[PDB]
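Please read the structure below before turning to the comments.
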Ligand SMILES: *[C@@H]1O[C@H](CO)[C@@H](O[C@@H]2O[C@H](CO)[C@@H](O[C@@H]3O[C@H](CO[C@H]4O[C@H](CO)[C@@H](O)[C@H](O)[C@@H]4O)[C@@H](O)[C@H](O)[C@@H]3O)[C@H](O)[C@H]2NC(C)=O)[C@H](O)[C@H]1NC(C)=O
Ligand SMILES: *[C@@H]1O[C@H](CO)[C@@H](O[C@@H]2O[C@H](CO)[C@@H](O)[C@H](O)[C@H]2NC(C)=O)[C@H](O)[C@H]1NC(C)=O
Ligand SMILES: *[C@@H]1O[C@H](CO)[C@@H](O[C@@H]2O[C@H](CO)[C@@H](O)[C@H](O)[C@H]2NC(C)=O)[C@H](O)[C@H]1NC(C)=O
Ligand SMILES: *[C@@H]1O[C@H](CO)[C@@H](O)[C@H](O)[C@H]1NC(C)=O
Ligand SMILES: [Zn+2]
Ligand SMILES: [Zn+2]
Ligand SMILES: [Zn+2]
Ligand SMILES: [Zn+2]
Ligand SMILES: [Zn+2]
Ligand SMILES: [Zn+2]
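Residue numbers (the numbering used here), protein chains in the order written: chain A, 67 to 457; chain B, 168 to 554.
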């Protein structure tokens, strides 16, 4: 009757630990019911590797736990896929990127941050490059025993705020905050075990010796950051000075030298120089300018934001019947941000086109089969299925 | 008989401590002996605040040393200027910005850096942002007593920006401890790192895709023309990756790799430029790659040549209604905005070439060309006589 249609596909990124292991599933339907075949991204089938990779009873790729010594790259750190197939044609899933990571002991360095009294500060949990993806801050803790818990910012009103980007924001530091010391404890999203910071950060408060220029923590006059759609994103202004200055956030109008001021809502909030875009959307993207002036002068810093949305695609029509000699067109409709490549596939084999509209002019008995459009950006991809028929 | 021009033009930026003190001197030229007046940037004149600001004889301005408590902003941190006058009119001295520093007893933290063996790492001893305008790192030291040095053997290297670079990080390197010595440029007072940097060497096991220190895909940087400039690439991968630095073309997606030679060198992921030119200014790209993966980061760069200029002709005479023109020959990088002023009065034109084909009776006097940018400046003048 019909061709294979993908129901449950795995996720673009599958990460796990050598102690846990993983078993991933792929589901397709149609008449006759297709059989699920596991393959690499280049379309080559994968066999067992006893102790590492084994295909189980029903259509399920398994990665049992393993010694750190038994780690094998081509098995664990790999690009995978899922192939559903029957009489009509074949289809491939979105590329499934597996990275299995052995448990590797890590430590968090809470950095002492220099400040002038009256200025607000943000102190950071320094985390190594390699665990940064798998680890984040569970909470903040001081020497006095007060836990500062991380939160979506509904209420930005308070002395202490733990913001979603993982830092601890303190409004207008003073002597009372001077002899307090702070720990950050982090959680591994695979293991789920918590670890306190080894070194404790402390606020070092200088006094308004002079009156000076605004000074950012770095010489960088431009930055960039990325955030998801539903996430609460945090831009930063780390500017420091005396006398304590005021912050103004602006957003650039695209492709021109003309700026515009950021409108604050119960959605968009400001704390010190910290801008909070909480409950974001793609249109929040653009070039931003933080501007801090004081009595002695002023300086400014650019920031490039890009909001990403989940890639999804649907082919119109899911199926169509045509007669020999008549044109048959397929149109791939997509969402998510950003987009780089849209590409077409036939029965598992590629067709060079960058266009969302696939147009065959005169059908052939050759052209009968299954069609797919592949939408992709660096960190993500998606798969929509389609069938062709003849008369 | 004739009008003024600037012979002695004090430095654009002046810094000094409370213990040292400082002084400035400004002459020009011309006839009769020009009135040398010191003015704050907006043309209001400035008098004495004795003990700090007072005008010494010769019409020169001195800043005597002072205690910390007596400090007041308007005199110390401020932008001053200078002006000369005859019947020929006035001319303004360029941007002078002045600062003074009370001793904060600066502290410097040596930051622990966590690394997978085989990967080259950069160590930064972090100086606070406010004092960083002066203090720099002269030397680095470890537990063994090893003295490193600026270097403007090929393993351990300190850069012109002051950080310490290590390549092929081994187990021999990590279980040491590191600390840096910082010297202040307005005093000469040195000091040793408060804390001691520990290098944690982690055992590579599972293969890791290249990751950077921060999520930011871009950075900006700049330096003087004659300076040796560094471009950081901080990347850690297992397998240890290979860093290839490209360079873009202005406002285009076009790309080319770069020319490794005597002036433009490379160490690990670090692209180093020796004594440079404004022609090196541009937008670069750092791509890191290994078997598992790897990604890219781009770095903006600028080079700054000194601002200077003059007007052609330096002087001329004209027939009352006959054309008179002045063009500003400019150099230095970047060049933001040229500005014209009549006897210090601000009269706008954005063109390097300004002309008057119709002369009034009152246009007799001095004229200037101000070449300006964010923090920097230069000035030169010309004058038209009516005959
Ligand atoms: C996945 O790979 C991991 C290594 O990358 C494996 O974990 C390691 O396993 C070895 C021995 O199998 C442990 O060494 C033992 O340590 C215990 C004491 O406990 C340890 O406690 C923590 C670990 O969380 C830490 O403080 C120290 O490493 C302690 O050693 C001793 O009693 C033993 O005699 C032996 O020395 C490693 O400690 C451990 N590393 C970890 C957990 O980070 C893990 O077993 C692998 N999984 C599978 C399924 O093979
Ligand atoms: C705050 O400081 C910024 C610079 O850090 C000022 O922005 C511009 O600065 C350039 C060069 O310094 C000038 O050419 C522009 O004219 C400035 N902008 C404007 C709109 O004039 C900014 O003006 C300062 N704002 C305040 C209130 O001090
Ligand atoms: C070097 O790393 C890049 C980053 O993944 C590899 O991939 C290309 O990266 C460029 C950006 O510099 C993109 O424009 C291309 O689309 C990427 N192509 C692919 C196939 O990923 C690149 O292949 C690496 N170079 C090698 C392996 O020689
Ligand atoms: C400059 O200020 C510091 C601040 O403590 C002080 O110790 C020093 O004596 C001052 N210098 C003079 C010359 O008074
Ligand atoms: Zn992919
Ligand atoms: Zn630090
Ligand atoms: Zn799909
Ligand atoms: Zn200036
Ligand atoms: Zn650190
Ligand atoms: Zn001059």
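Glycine residues also receive a C-beta, built at the ideal position from the N, C-alpha and C atoms.
Check whether the Cβ atoms of residue 290 of chain A and residue 387 of chain B sit closer than 8 Å, and answer yes or no. Translated into the one-based positions of the first chain, residue 290 of chain A becomes position 224. Translated into the one-based positions of the second chain, residue 387 of chain B becomes position 220. No. Outside cutoff.
Ligand 7 heavy atoms versus the CB of residue 147 of chain A: any closer than 7 Å? Here residue 147 of chain A refers to the residue found at position 81 when the first chain is read from its first residue. False, no ligand heavy atom lies under 7 Å from that Cβ.
Counting pairs of beta carbons, one from the region 191-201 of chain B and one from the region 171-178 of chain B, are three or more of them closer than 8 Å? yes
Counting along the chain, where does the beta strand (DSSP E) carrying residue 402 of chain A start and finish? Within the first chain, residue 402 of chain A is the residue found at index 336, counting from 1. First-last of the beta strand (DSSP E) with residue 402 of chain A: 394-403.
Which residues, in chain order, does the region 374-386 of chain B contribute to contact with chain A at a C-beta distance below 9 Å? 374, 375, 376, 377, 378, 379, 380, 381, 382, 383, 384, 385 and 386
Which partner residues of residue 235 of chain A appear in the DSSP bridge assignment? Position 169 of the first chain, counting from 1, holds the residue named residue 235 of chain A. DSSP lists A/188 and A/227 as partners of residue 235 of chain A.
If I measure Cβ to Cβ from residue 100 of chain A and keep anything under 7 Å in the same chain, skipping five residues before and after, which residues do I get? Residue mapping note: residue 100 of chain A aligns to position 34 of the first chain, counting from 1. Closer than 7 Å at Cβ, skipping near neighbours: 70, 94, 150, 151 and 152.
Do you know whose CA, among A/309, A/383 and A/300, lies nearest residue 345 of chain A's CA? Along the first chain, one-based indexing puts residue 345 of chain A at 279. Cα-wise, what sits closest to residue 345 of chain A is A/300.
When every heavy atom of ligand 1 is checked, does at least one fall within less than 7 Å of the C-beta of residue 132 of chain A? Working through the first chain from its first residue, we reach residue 132 of chain A at position 66. Checking the Cβ of residue 132 of chain A against ligand 1 gives yes.
Please report the Cβ distance between residue 448 of chain A and residue 160 of chain A, rounded to the nearest whole angstrom; I am assuming they are in contact, meaning their Cβ atoms lie under 8 Å. On the first chain, residue 448 of chain A is found 382 positions in, with the first residue counted as 1. On the first chain, residue 160 of chain A is found 94 positions in, with the first residue counted as 1. Right, their Cβ atoms sit about 5 Å apart.
In this structure, what does DSSP give as the bridge partners for residue 444 of chain A? What you label residue 444 of chain A is simply residue 378 of the first chain in a count that begins at 1. Bridge partners of residue 444 of chain A: none, in fact.
Considering Cα atoms alone, identify which of A/104, A/121 and A/211 is closest to residue 158 of chain A. For this step, residue 158 of chain A is matched to residue 92 along the first chain. When only C-alpha atoms are compared, the closest one is A/104.
Proximity test, Cβ basis, 8 Å: residue 281 of chain B and chain A: In the second chain, the residue the question calls residue 281 of chain B occupies position 114. Answer yes: the Cβ-Cβ gap between residue 281 of chain B and chain A drops below 8 Å somewhere.
To be precise: take each residue of the region 221-240 of chain B, compare its Cβ to all Cβ atoms of chain A, and keep it if any distance is under 8 Å. Which residues remain? 235, 238 and 240
At a cut-off of 7 Å, would you count residue 332 of chain B as near ligand 5, judging by its Cβ distance to the nearest heavy atom? Numbered from 1 along the second chain, position 165 holds the residue referred to as residue 332 of chain B. Every heavy atom of ligand 5 is 7 Å or more from the Cβ of residue 332 of chain B, so no.
Is residue 339 of chain B buried or exposed, if buried means 16 or more other CB atoms sit within 10 Å of its CB? Counting from one through the second chain, the residue named residue 339 of chain B turns up at place 172. Exposed.
Is it true that the region 334-341 of chain A meets the region 266-278 of chain A, where meeting means three or more beta-carbon pairs spaced less than 8 Å apart? no
How big is the Cα-Cα spacing for residue 130 of chain A and residue 332 of chain B? For the purposes of this step, residue 130 of chain A is taken as residue 64 along the first chain, with counting starting at 1. For the purposes of this step, residue 332 of chain B is taken as residue 165 along the second chain, with counting starting at 1. Answer to the nearest angstrom: the Cα atoms are 41 Å apart.
Can the beta-carbon of residue 108 of chain B be found closer than 8 Å to that of residue 276 of chain A? Chain B is shown only over 168 to 554; residue 108 of chain B falls outside these bounds and no answer can be derived.
Measuring CB atoms only, is the region 421-434 of chain A touching the region 352-372 of chain A, in the sense that at least three cross pairs come out at less than 8 Å? no
If we ignore side chains and look at the alpha-carbon of each, how far apart do residue 176 of chain A and residue 222 of chain B end up? In the first chain, the residue the question calls residue 176 of chain A occupies position 110. In the second chain, the residue the question calls residue 222 of chain B occupies position 55. Between residue 176 of chain A and residue 222 of chain B, the C-alpha separation is close to 51 Å.
heavy atom of ligand 1 below 7 Å from residue 326 of chain A C-beta: For the purposes of this step, residue 326 of chain A is taken as the residue at position 260 of the first chain. Because no heavy atom of ligand 1 lies under 7 Å away, the Cβ of residue 326 of chain A does not count as near it: no.
Would residue 165 of chain A be called buried (16 or more neighbouring beta carbons within 10 Å of its own) or exposed? Translated into the one-based positions of the first chain, residue 165 of chain A becomes position 99. That one is buried.
Does DSSP put residue 240 of chain B in a helix, in a strand, or in coil? Numbered from 1 along the second chain, position 73 holds the residue referred to as residue 240 of chain B. Here residue 240 of chain B sits in helix by DSSP.
Please report the distance separating the alpha-carbon of residue 549 of chain B from that of residue 532 of chain B. Taking the first residue of the second chain as position 1, residue 549 of chain B is located at position 382. Taking the first residue of the second chain as position 1, residue 532 of chain B is located at position 365. Computed Cα separation, rounded: 9 Å.
Tell me which same chain residues have a C-beta within less than 8 Å of the C-beta of residue 143 of chain A, skipping the five on either side of it? As a position in the first chain, residue 143 of chain A is number 77, starting the count at 1. Excluding positions up to five away in sequence, the list reads 164, 165 and 166.
The beta strand (DSSP E) spanning residue 341 of chain B covers which residue range? Working through the second chain from its first residue, we reach residue 341 of chain B at position 174. Segment 338-341 is the alpha helix (DSSP H) holding residue 341 of chain B; no beta strand (DSSP E) there.
Three-pair Cβ contact test at 8 Å for the region 348-355 of chain A versus the region 317-333 of chain A: yes
Assign residue 178 of chain A to buried or exposed, taking buried as 16 or more other Cβ atoms, counted over all protein chains shown, within 10 Å of its Cβ. In the first chain, the residue the question calls residue 178 of chain A occupies position 112. Buried, because 16 or more other Cβ atoms sit within 10 Å of the Cβ of residue 178 of chain A.
Could you name the residues of the same chain whose beta carbon sits closer than 8 Å to that of residue 176 of chain B, not counting the 5 residues immediately before and after it, in chain order? Start at 1 with the first residue of the second chain, and residue 176 of chain B comes out as number 9. Only 193, 260, 261 and 546 meet the Cβ criterion.
Give a yes or no on whether 8 Å exceeds the smallest Cβ distance from residue 272 of chain A to chain B. Taking the first chain and counting its residues from 1, one reaches residue 272 of chain A at position 206. Output row for residue 272 of chain A: interface = yes.
Residue from B/440, B/257 and B/190 whose Cα sits closest to the Cα of residue 535 of chain B: Within the second chain, residue 535 of chain B is the residue found at index 368, counting from 1. The shortest Cα separation from residue 535 of chain B among B/440, B/257 and B/190 belongs to B/257.
Is residue 293 of chain B near ligand 6, judged by its Cβ being under 7 Å from some heavy atom? Within the second chain, residue 293 of chain B is the residue found at index 126, counting from 1. Flag set: Cβ of residue 293 of chain B near ligand 6.
Local conformation of residue 209 of chain B per DSSP, three classes: Your numbering for residue 209 of chain B matches position 42 in the second chain. Coil, per DSSP.
Does any residue of chain A bring its CB to less than 8 Å from the CB of residue 417 of chain B? As a first step, residue 417 of chain B must be located in the second chain, where it is residue number 250. For residue 417 of chain B, the answer is no, since every Cβ of chain A falls outside 8 Å of its Cβ.
For the candidate residues B/345, B/440, B/521 and B/379, whose alpha-carbon lies nearest to that of residue 290 of chain B? Here the question's residue 290 of chain B lines up with position 123 in the second chain. Closest option to residue 290 of chain B, Cα to Cα, is B/345.
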